[PDB]
Ligand SMILES: Nc1ccn([C@@H]2O[C@H](COP(=O)(O)OP(=O)(O)OP(=O)(O)O)[C@@H](O)[C@H]2O)c(=O)n1
Ligand SMILES: Nc1ccn([C@@H]2O[C@H](COP(=O)(O)OP(=O)(O)OP(=O)(O)O)[C@@H](O)[C@H]2O)c(=O)n1
Ligand SMILES: [Zn+2]
Ligand SMILES: [Zn+2]
């Protein structure tokens, strides 16, 4: 196929310049099983995509929920014994925990030993995230600005 | 198993775990070229290796030697129109500028707009690094932080 | 079991029209009939990590009038969090092994909700968290609006001042949006303007609000005029163009006001309400202040008593 | 032009036994025969971003004693770097368009190397960059050591004190490892011991060095006992165990002192060299100070004149 | 004696196109042919009651490069004004009995005019009085503009940045409104916009000026893009919205830049001129800095010598 894995995940239709953030973000390289990464491959509709192939590994919930916020386009394929047993595109969650960082500098979340949490109101415009602690709602662009 | 490539550079035989590290230390990903990375491939030579093929991109002599700081046993393969036109090998660079940050807190380099630079030294186990500015020598392990 | 028994009172959002109305019902009751041993034998912690004259002294007086004991601090300078670098999380964990409810004021937003994650089963009542919520204020404002106007539905309410950093007007617009027909007029410097997160909610419920450049352009139409203080201590230095009050109410400005109109203020005030307003029948900010005793006794009673019969 | 004309002087590690020898030759010459107009029409910047009594005044007097003009600052506080937030790099960029040479003392290590990338064609003379180098100190230490011992080769040299931040002993251990058969005795607290990178260089050149816990252990054996100050300002709080002089020297100690030996100190001395040493044959640190004029004007002369002074 | 002999230099508004032209003529002359003893036997006071790197050192080096002697202070803190409470007026009264000319930088506007009423016969050269005038800055800006554009008439000049406290652009807009057909583009934040009184003068002389919200709007059109710093120290707290550079310039911006255009800055530059501009053909601010020596010693020469230098 365009590579081939017996069991594993193939995340595909990843926007150009996101694939590599995902290797850092989901810590995918702390692994020993084969990884095929194709940076800046074609994808007819939106020209240049990335593709990542983690053989014999499937993502935990949090990761696919994060994937929904970093790559809504992407598709996750569960391959068992070369059978594309499942292919799903990530829907947004209700809440994101322990990975985002509140834009409000005066949030108690910074100072204190707490896992962050955000509410995910899908606005027609974009994604508005609400901090659990300070109750400020923010644009996902603001929050995810790296 | 990885890919056919017309023209570019294939850094082959990268030690497992050092392939992601190289792609992030030298800005290799920040391109619009098709890169295809194969992590944790079987080698025999070593159990596992890593490999990076950067299409339509050629590395300079110093570029390749910088790799000796993490991947001395790599083979930098120059390919032009499917023919392995060259097989280079990283020697130690005499200086690595711009990618490392001095662990010396009171070094002038942190405050002023100058690039970093370290003279590389093969000392007696690891590679020693002398800052250009504050002139202190540090082992390379240290320079790659915490 | 009454509905607010053992609840944490942190954000007005978490409360319903029914929760609010139960405290006002209770408030008017304790105001007509004192209960001086209702909380006999409970010890309560008054933890103020930020300055107060009204919320702290009203709270401690309400506690005393019901028979409770108070333990606390006026400033963390003296706590082991202030001198020995302990966390808030740890401060709340041991204080909760000592007392029956924690009343706290704190400079960072979210402190209160943070505290409830460590209070065990002990109720945390929020006295103000930086610029976020101030629910107990809003309870005594709703009580005063009701005494003066007899309705909390279809009013014309103007909020004037620093609406950005004002935890007071944040909680009040959320609570008043739980009643039908209230019309909002907002007069603030645009840099100390009302958060769009409140606005979106007023638009999510189809409530009408408008912004005005002057008090005089809505004076004639308001039931309540709610003045606020520029939170100097909260201003980012970009906003120091805003420290001195832009809209200052003077007695003469009330000339074309509804005879039923009231000027409310959370207090402290600085230069924004000229002292000559004080002598008019429209000034009602000290009455409002006195009303914090009834609203804070009601809330303590409901949180700490499974059923009240009064 | 002579080896050092227009040449920057940033670290002893870039000079050679030949350069060091030249600078001392010229110092010997100039001490014997003054050259009052040697640098007539030259303006030098004295830029001390850090305190100095010795370096700054010996340097400026040497400039004056060759007919030069001095402009500069003893403090960065009222420079535009100091008040208007300007980078060192731009300070050096404009100051290069004005003077013929720059003498610079700075609190950061590498400040002078940074300065040579922006001084253009102008030589930057390092007057001390933090705890790294002090190359002018060393040229007057070599001048005083050769004056007293008659040689720079085959000397027994005890460096006592703060060997870690001693920019002075960094440079001096490096100047003396260029000559032959010098013997090093390093007496620091462990905390403020000689840098490894120095030791390595001694090892590769196969210089014999040894660590001692006492002046008495080495007293009878040495020729130059060179004392240092705990660089109080440069210590870590962790290091404040060592603010006082572990090894303090008094005249009694000189009892079993070799009759040729000299006590040297870069100065200021604080508590480490008791004032009774001041009357012994051995004490030479004030003569060492005065020797700064000769070494300093020999350097200036070489870097700003093509023609070797005679 | 030449037009400017013993003449005080306090504001560009008291000079004429003839004076400005003379000072530049002499600068052109002196740059070509040094006069080392021109002011041999003259002592000038360098009195900076305010920070400086550029003005103070270019001025003192220029004094030295004409054979003069400099006395003075870089700081008022250890003067008797500074510690013993003496008036400026008496400082000037005694310092007049000692030196031949006074160069003075002061934090109050009008300090130099005040100084000419007490300097007696001694010329006071204004080195910058608060946010008012900087006449020496302007003479080296005119020297650099004529050096690059070959003329001081019929120039397109964009002054970007803090136009309100920019003592530099106050003086420079006034020097250039003496020549002809110069076109002014003023790009400030509204808060720190060009003084009215300047604009009025432009209006009466019928000079065309226009306000722009962007460098791009004027980039293709201009000859001199003169950038300034937000005079952080001089801002009101109200004004602290504008502490950062609204208009920041990077090399990309120069894409549609006229090939003759030069970027000028009085300096220090903080964030407004990105270090990549430093390598463009266009960047000229360090050359502009060096041009201070020529303009400064031409001024000194004219005010202290009767006989025009040649
Ligand atoms: N044994 C397998 C089977 C599939 N794949 C990869 O997993 C994906 C399988 O998805 P599929 O829908 O069958 O291919 P497409 O239809 O072209 O992908 P899409 O429908 O999302 O456009 C392909 O990228 C393929 O390279 C694989 O690595 N190994
Ligand atoms: N058109 C080409 C030519 C070469 N290669 C890559 O270049 C590397 C080295 O060149 P080659 O001589 O073809 O393979 P090897 O002989 O195995 O090199 P070595 O023996 O040193 O590993 C191989 O890993 C191969 O993937 C390639 O991908 N595409
Ligand atoms: Zn938050
Ligand atoms: Zn360094």
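We count from 1, first residue shown onward.
Even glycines carry a Cβ here, placed using N, Cα and C.
The Zn(2+) binding site annotation in Swiss-Prot covers B:102, B:107, B:131, B:134.
Projection of Swiss-Prot feature records onto the structure.
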residue	record	CB count, 10 Å
B:102	Zn(2+) binding site	23
B:107	Zn(2+) binding site	26
B:131	Zn(2+) binding site	26
B:134	Zn(2+) binding site	25
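DSSP gives residue B:131 (Zn(2+) binding site) a strand state. In this structure, none of the binding-site residues B:102, B:107, B:131, B:134 sits close to ligand 3 with a C-beta under 6 angstroms from any of its atoms. Residue B:102 (Zn(2+) binding site) carries neither a helix nor a strand DSSP state and counts as coil.
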